[PDB]
Structure formats: structure tokens, C-alpha cells
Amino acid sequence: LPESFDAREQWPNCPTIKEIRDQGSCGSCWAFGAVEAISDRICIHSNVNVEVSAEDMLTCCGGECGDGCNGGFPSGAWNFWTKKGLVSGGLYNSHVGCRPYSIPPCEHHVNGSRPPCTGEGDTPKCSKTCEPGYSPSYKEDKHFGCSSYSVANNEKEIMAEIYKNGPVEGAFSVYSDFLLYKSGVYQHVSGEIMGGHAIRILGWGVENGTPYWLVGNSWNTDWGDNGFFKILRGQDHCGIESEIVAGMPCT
């Protein structure tokens, strides 16, 4: 395996890999990390490009994935993809796809032109219909996964999985010092625990001798490093290597 790897550069024909979304005022990171990686993999293993709907995952999976905007289970999200499939759907107010995201973007721990995010956000309804004007039908727009699995808490195995099959979804414990991340390789040193947070891991590298994972957060582009961040790799830091999940699209 190479010393560094960036899925964005390795798969130039898959622009979703470079995208950063905004989960809004809703604890749906479990859903976002999943649909983002799934969007990437559908493109990687079908070279079609599809903006997988975070809305469909968030609202229709149900208990199998947890509790909507109250948090969820990543592995459950990939299961939904293989069992019920996912329709397309872009960003809030984009009118792209069957079910675009319905929760407005906001400012996540940073100042900006958008309204500040609020902790309170209710899970939207599971509506099995597409926006007006979009074709085909909700049912016909479903994209299915043909496998859902968990990658071991093993650095090399995780790197090999990304290297071969594309970005994966992971999760780690967020402490307050992470909220102000701007650059460099994040290492937890202080702050009250905020809770678990699911994200998309799309690569790795070494910065100033410190090994790291290249990660895409779902707090828009004005947070962190253009929406991305790097976190210590190889020490299961904050549990970053303890909950890796992925899957393969049906062919």
C-alpha cells in the first residue's frame, strides 16, 4: 500500500468523492456518512453518477437504523441500502433527484451568512414519492446495494478496503476541541465529550511525520478545512478505526 492515498485523485470521474454536504440542524451524520460513501461507490463500481438521497435514508429506514435526527447506526444504514435501496436526491433547495434534502444548511460551530445550527431538529416524514417533475417513480429510482459489511479495527485492512473499493463510513467520539478544527492532524487533548459522530473516510497520508486519515465531515464547507479534516491514524484514536462499515452496489 502507498504512503498516501486520496480517493479524490484516484477516481477523477467520480465528483461526489470531492463533495461536502450539510446535515443541517439534525443528528443525521449516520445517514450522511453512508449515502456519501454509497454515492462514491456507485460511481466507482459502475464505470453512472448518482447523488444518493440522505433524505431517503434518514426518513425511511426506521428503527433498523436507529432514531432519525436523534442519531443512528451506520451498519444499519448500509443494510437499508441492500434491503430497500435508496433513491437519488441532492442538496437542500437544489431540486436535484427524487428526494433532495429537506433540512436547511446552517453554520456548524463557525460564523457565516447562514443561520446558526440549532440542536433541535425533527426527523422528516418518510414519503415514498419524488419531487414534482422528476422521473422515474420513487420505486423505479431505487439503487440497491448487494452487500453490507463491517471492516475490522485494523489499519491495514481499512486502508486496503478504501484502496480497492473506495471511501467507507466510520465513526469516532467527538470532544469539544474537535469543534474548532481548522487544519493539521487532529488529536484529542481537551474538552467535554459531545457524543459519537459518523463520517466518510476517503484516504490517508502523513503530515509532519504524523499518520492520518483523510475525512469528509457533513457540516458544510466553511467548517474545518473546506469541510474536510485529518485525524490521527493507527492508534484507533477516539475510536476512528473501531466502527468502519461499507458495502458493494449491485451490478
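A residue's number is simply how far along the shown sequence it sits, counting from 1.
*Asks:* Going by the PDB record, how many residues of the deposited sequence fall between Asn47 and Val48 without any coordinates: none, 1 to 3, 4 to 9, or 10 or more?
*Replies:* 1 to 3 residues lack coordinates between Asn47 and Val48.
*Asks:* I need to verify one thing: averaged over C-alpha atoms only, is the B-factor higher for 89-97 or for 119-127?
*Replies:* Higher mean C-alpha B-factor: 119-127.
*Asks:* Of the two stretches 131-139 and 100-108, which shows the higher Cα B-factor on average in the entry?
*Replies:* Taking the mean B-factor of the alpha carbons in each, 131-139 is higher.
*Asks:* If you check the C-alpha B-factor for each of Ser39, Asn217, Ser28, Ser183 in the entry, which is highest?
*Replies:* Largest recorded C-alpha B-factor: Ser183.
*Asks:* Which one of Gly62, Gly33, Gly191, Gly203 shows the biggest C-alpha B-factor in the PDB entry?
*Replies:* The record points to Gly191.
*Asks:* Compared with the other modelled residues in the chain, in which third is the CA B-factor of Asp177?
*Replies:* Ranked within chain, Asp177 CA B lands in the highest tercile.
*Asks:* By its CA B factor, does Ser53 count among the lowest, middle or highest third of the modelled residues in the chain?
*Replies:* Lowest third, going by the recorded CA B-factors of the chain.
*Asks:* When the deposited Cα B-factors of this chain's modelled residues are ordered and cut into thirds, is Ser113 in the lowest, the middle or the highest one?
*Replies:* Highest third of the chain for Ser113's C-alpha B-factor.
*Asks:* Lowest, middle or highest third of the chain for the C-alpha temperature factor of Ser242?
*Replies:* According to the entry, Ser242 has a C-alpha B-factor in the chain's lowest third.
*Asks:* By the recorded C-alpha temperature factor, relative to the other modelled residues in its chain, which third is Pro74 in?
*Replies:* It belongs to the middle third of the chain when residues are ordered by C-alpha B-factor.
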